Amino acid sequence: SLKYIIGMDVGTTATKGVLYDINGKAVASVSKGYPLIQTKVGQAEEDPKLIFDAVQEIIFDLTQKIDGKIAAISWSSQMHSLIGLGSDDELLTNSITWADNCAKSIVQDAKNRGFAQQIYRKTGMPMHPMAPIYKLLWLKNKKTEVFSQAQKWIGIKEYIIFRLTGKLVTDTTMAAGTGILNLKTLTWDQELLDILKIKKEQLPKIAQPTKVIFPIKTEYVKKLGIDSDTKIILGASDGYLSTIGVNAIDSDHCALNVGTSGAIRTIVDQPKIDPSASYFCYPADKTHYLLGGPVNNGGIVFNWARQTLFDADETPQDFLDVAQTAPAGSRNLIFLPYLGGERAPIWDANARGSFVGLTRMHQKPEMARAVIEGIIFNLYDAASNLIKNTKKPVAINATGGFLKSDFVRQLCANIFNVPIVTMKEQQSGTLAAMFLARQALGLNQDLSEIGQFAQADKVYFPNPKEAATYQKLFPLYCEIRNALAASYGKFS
């Protein structure tokens, strides 16, 4: 008779579930991982059966923790995944994740003929192999057999929900990650379907994130430890949910998350695409569009620098301590952070990192700090593509392990020159999934109400003096990036 909501987050490498009480308070969480399938270089698949097994296990463990009813289970999910089902609804492929680069040549050719540009103009999908549309084109050319027998092309969230309810439905924000969803109609682009040789019937139907998918099959009602009145809430993408999950529900705010990798995002009231296709535009509904830049080179690069500049015994705190002994701007040392190639803002998979501007004045602290500043400059570079000459947002709602320290929080404030707002809850995705459930159940109505759950913790205002230093130094960062932009192909 006490009611609860479970929010699920179906990520690459692991799913996390959070159990929330009817006041929105998290009362427990459980997560379980699965291996990535990387036989060959560029390969990045996972077994949908394993993921679904983790899902049942997580939900069961959560329900074991309480004596009450699960009113709803809502979903946040990785984007861009692709799975083929045959006519018997059986798996024809693994889940081909966003990180699989099998379509990389397909994209390059599309880019040369002006096709990738057209897909971007139609769907808001950047010219990158992560998209289902490019993977489908690759499959159709190089794996004719499976392409022939595929009757459904879906993502992992659709797969999971299908196993639970026998229904095949995707939400708008997830269709937004296929590269097939038309920005203006918010249904599949007919021209692109024709080129794909895919029929609308071979794709899930599109509904709103709050749609209740009912009923769950009795089998799984038992296995999951739930009621026959437990609802499935369709849910949404991790990108969208992570954004509203930090209360960045409109264009006055941006969401900056930086963990191993990073992302800058904002929600606008109409489709808006970039002439240089430097950021994605993923619809959420007719009056909300998610703009953003996924950025590879976040804390993963901080980690590389920590181990390389020092040694594998240097703590993150030790590194930060040393970096802080250099002046703001690192005496003009520039670090381009593109260690793993880069998506936003430069969209060059061959890019590599650089230190430029060294002199005998640059000692360890200058190099350490340049790394941190470069990481943030890169993010500000991506953010600046979004904003352009529009209203600067009045705050950046910030999360992620790279932004743990006050030093980095303040540095972001100083470089972005807007206040940085940290959040009480880092698990923004399950939180916002939980919120969609509350909407479906009639417990909340307007989106803005998520603010009561997604609460702000600390605010960091730009220090005017340092902000000026960084404002003068950013153009030099861009000069060095520009100078080297055409030089990366050489390294390989």
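Residue numbers run from 1 along the displayed sequence.
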Mean temperature factor over C-alpha atoms, higher-scoring stretch between 111-119 and 373-381: 111-119
Of 48-56 and 429-437, the stretch whose C-alpha atoms average the higher B-factor in the entry: 48-56
Criterion, highest CA B-factor; candidates, 171, 342, 366, 229: 229
Most elevated Cα B-factor in the entry, residues 311, 158, 285, 238: 311
Third of chain Cα B-factors occupied by residue 421: lowest
Among modelled residues of the same chain, the CA temperature factor third for residue 393: highest
Residue 22 - which third its CA temperature factor falls in, relative to the rest of the chain: highest
CA B-factor ranking of residue 302, expressed as a third of its chain: lowest
Third of the chain's Cα B-factor distribution that residue 206 belongs to, per the entry: middle
